[PDB]
Every structure is written in structure tokens, then in C-alpha cells.
Amino acid sequence: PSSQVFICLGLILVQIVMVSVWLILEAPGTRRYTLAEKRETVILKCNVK
Amino acid sequence: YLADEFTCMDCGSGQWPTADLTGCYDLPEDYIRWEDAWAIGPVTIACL
Ligand SMILES: CC(C)CCC[C@@H](C)[C@H]1CC[C@H]2[C@@H]3CC=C4C[C@@H](O)CC[C@]4(C)[C@H]3CC[C@]12C
Ligand SMILES: CC(C)CCC[C@@H](C)[C@H]1CC[C@H]2[C@@H]3CC=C4C[C@@H](O)CC[C@]4(C)[C@H]3CC[C@]12C
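From first to last, the protein sequence lines are chains A and B.
Residue numbering for the first sequence follows the authors' numbering, beginning at 685 and increasing consecutively.
Residue numbering for the second sequence follows the authors' numbering, beginning at 539 and increasing consecutively.
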């Protein structure tokens, strides 16, 4: 009843902190990605590469 | 894009010269869309 939930929640919280610090460091946004090999096209991309 | 008659310039990666070569306009943006594309299969898969 307790130890499994505690361990799983601990791992989930560790991952949540490790990703929240990354989102804090790198502000989210949208980028107009373009390719010189193709051009004439603009891709609205999530700021994560 | 010909900024002047004698000298030709560029609008940058984001912008493109117009058909009349008189100004720089933002290029259309592309993304995954539900309107008759490869997303119908993934949508049905997610629903199932
Ligand atoms: C959705 C997430 C983020 C939070 C909720 C999940 C946790 C807190 C929930 C989900 C399932 C729940 C358990 C379901 C069944 C039992 C067995 C019972 O004899 C005592 C309570 C206990 C042990 C519950 C405790 C709380 C519990 C562990
Ligand atoms: C008490 C709990 C259950 C509240 C909900 C927790 C989650 C959903 C919340 C708590 C704090 C939140 C973060 C707070 C601030 C930022 C910076 C922003 O630039 C991107 C989103 C981001 C990274 C949020 C993501 C969602 C977040 C992690």
C-alpha cells in the first residue's frame, strides 16, 4: 500500500524536477524553421530540438 | 529581392520577395494538420 506508491511517486517527482529545471532554463516557444536545401517553406516547430 | 534597381538584396530566411519584387512578405508557415493528411491514422489509433 505504501512503499510501491512512495517509490513510484519519488521517481516521478525526480523526473518532473529534472524536466522543470530544463523548461525554466530554456523558455518554450515556436520557431520558424527553414531549410536551405528546400526553401519557400516555413515550419512552425516546438522550441525543443 | 531587388531593394534598388542597381543593387539586389535579400529578405532573409523568414521573409520572401513578392511576385512584383517590391516588398518582403512573411512566408507561409507549415505544420501537421487534420485536414486530409497523414494524421487521420494516428488520430484513430489514439482514440482506439
Ligand atoms: C494521480 C496521482 C498523481 C495521485 C493519486 C495516486 C495515489 C495517491 C492513490 C492511487 C491509488 C490509491 C490506493 C488505492 C487502494 C488502496 C488500498 C486500500 O486498502 C488503502 C488505500 C490505498 C492504498 C489507496 C491509497 C492512495 C492511492 C495510492
Ligand atoms: C501541486 C501540483 C500538483 C501542481 C501541478 C504541477 C505541474 C503541472 C506544474 C507545477 C509548476 C509548473 C511549471 C511552472 C513554470 C514553468 C515555466 C514555464 O516557462 C514553462 C512551464 C513551467 C515549467 C510549468 C510547467 C507545469 C508545472 C511543472
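Just so you know, even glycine gets a beta-carbon here, dropped at the ideal spot from N, CA and C.
Can you tell me which of the options puts its alpha carbon nearest to the alpha carbon of residue i?
{"i": "residue 715 of chain A", "options": "A:690, A:732 and A:688", "result": "A:732"}
{"i": "residue 565 of chain B", "options": "B:542, B:554, B:575 and B:559", "result": "B:554"}
{"i": "residue 512 of chain B", "options": "A:710, A:730, A:724 and A:729", "result": "As shown, chain B starts at 539 and ends at 586. That puts residue 512 of chain B outside it, with no answer to give."}
{"i": "residue 542 of chain B", "options": "B:551, B:559 and B:567", "result": "B:559"}
Using beta carbons (cut-off 9 Å, strictly below), is residue i in contact with chain B?
{"i": "residue 727 of chain A", "result": "yes"}
{"i": "residue 721 of chain A", "result": "no"}
{"i": "residue 710 of chain A", "result": "no"}
Quick check on residue i - is its C-beta less than 9 Å from some C-beta in chain A?
{"i": "residue 565 of chain B", "result": "yes"}
{"i": "residue 548 of chain B", "result": "no"}
{"i": "residue 572 of chain B", "result": "no"}
{"i": "residue 558 of chain B", "result": "no"}
{"i": "residue 576 of chain B", "result": "no"}
{"i": "residue 568 of chain B", "result": "yes"}
{"i": "residue 579 of chain B", "result": "no"}
Residues in the same chain with beta-carbon distance under 7 Å from residue i, minus the five sequence neighbours each way, listed in chain order, please.
{"i": "residue 717 of chain A", "result": "727 and 729"}
Taking 8 Å as the cut-off, is the C-beta of residue i nearer than that to any heavy atom in ligand 3?
{"i": "residue 714 of chain A", "result": "This structure lacks ligand 3; its bound ligands are ligand 1 and ligand 2."}
(Q) Closer than 5 Å between the C-beta and any heavy atom of ligand 2: which residues qualify, listed along the chain? (A) Chain-ordered list of matching residues: A:704 and A:707.
Q | Lining residues of ligand 1 - beta-carbon closer than 5 Å to any non-hydrogen atom, in sequence order | A | Here the residues come out as A:685 and A:689.
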